């Protein structure tokens, strides 16, 4: 196991970029103007949190607001996990293009080569660049499970790459499966241009934040972020029974 990382943001000052992360803010990797005087930012906030005093607050829209972690070389799989609290919903949303909260990217400079989880065409799901292909197919658009605004959610994304006949992704909300990609028919536009191994070269950086391709501004808070190459799950506290 090459990575087993957790961050509750408790050690960073309020209004500062999380210590130990990079950023991708307003389309620039490690934007030097990620601060409280800007309209788009990714900063520690002590006004909402799932555990302890602090979370990370993403304020963005069309312009992305993200924190970025470098992943170890040669991962075949990765698990991204966080407590997530959003100003708006994902899923079952008319007129959506696509929006995402979680992802991985191959090149730090670009949003050009990456896998993007949140919603596509108003269903919870995934956009890949550079194909710009989307999952699920048209059939399911503007429907399906909702990730509600204004409440804390335990979101896990499992990405299974490496030496397997078709690369997979499964997303879970409070430990319930909500979205899967496990064959080529799950994509709308012919399956990432025929490519069965569609996570190859994607697993270099992990990112978290807000990025709307539907022209929607949002405020998103996350806490207790985890990144691992072994499965991650949510505890009863996180499930909020």
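Positions refer to the first chain, counted from 1.
Colleague: Going by the mean C-alpha B-factor recorded in the entry, which is higher: 215-223 or 6-14?
Modeller: It is 6-14 that shows the higher mean C-alpha B-factor.
Colleague: I need to verify one thing: averaged over C-alpha atoms only, is the B-factor higher for 200-208 or for 177-185?
Modeller: Going by the record's values, the stretch with the higher mean is 177-185.
Colleague: Sorting 26, 194, 61, 52 by Cα temperature factor from the record, which one lands on top?
Modeller: It is 194.
Colleague: Quick one: which of 93, 128, 158, 99 shows the highest Cα temperature factor in the PDB entry?
Modeller: So the option with the highest C-alpha B-factor is 93.
Colleague: Sorting the chain's CA B-factors, does residue 80 end up in the lowest, middle or highest third?
Modeller: According to the entry, residue 80 has a C-alpha B-factor in the chain's lowest third.
Colleague: Would you mind checking where the Cα B-factor of residue 57 ranks among the modelled residues of its chain, as the lowest, middle or highest third?
Modeller: Its C-alpha B-factor belongs to the lowest third of this chain's values.
Colleague: Once the chain's modelled residues are ordered by C-alpha B factor and cut into thirds, is residue 149 in the lowest, middle or highest one?
Modeller: Residue 149: CA B-factor falls in the middle third of its chain.
Colleague: What third of the chain, by the recorded C-alpha B-factor, contains residue 30?
Modeller: Its C-alpha B-factor belongs to the middle third of this chain's values.
Colleague: Please rank the C-alpha B-factors of the chain's modelled residues and tell me whether residue 47 sits in the lowest, middle or highest third.
Modeller: Its C-alpha B-factor, which the entry lists for residue 47, ranks in the highest third among residues of this chain.
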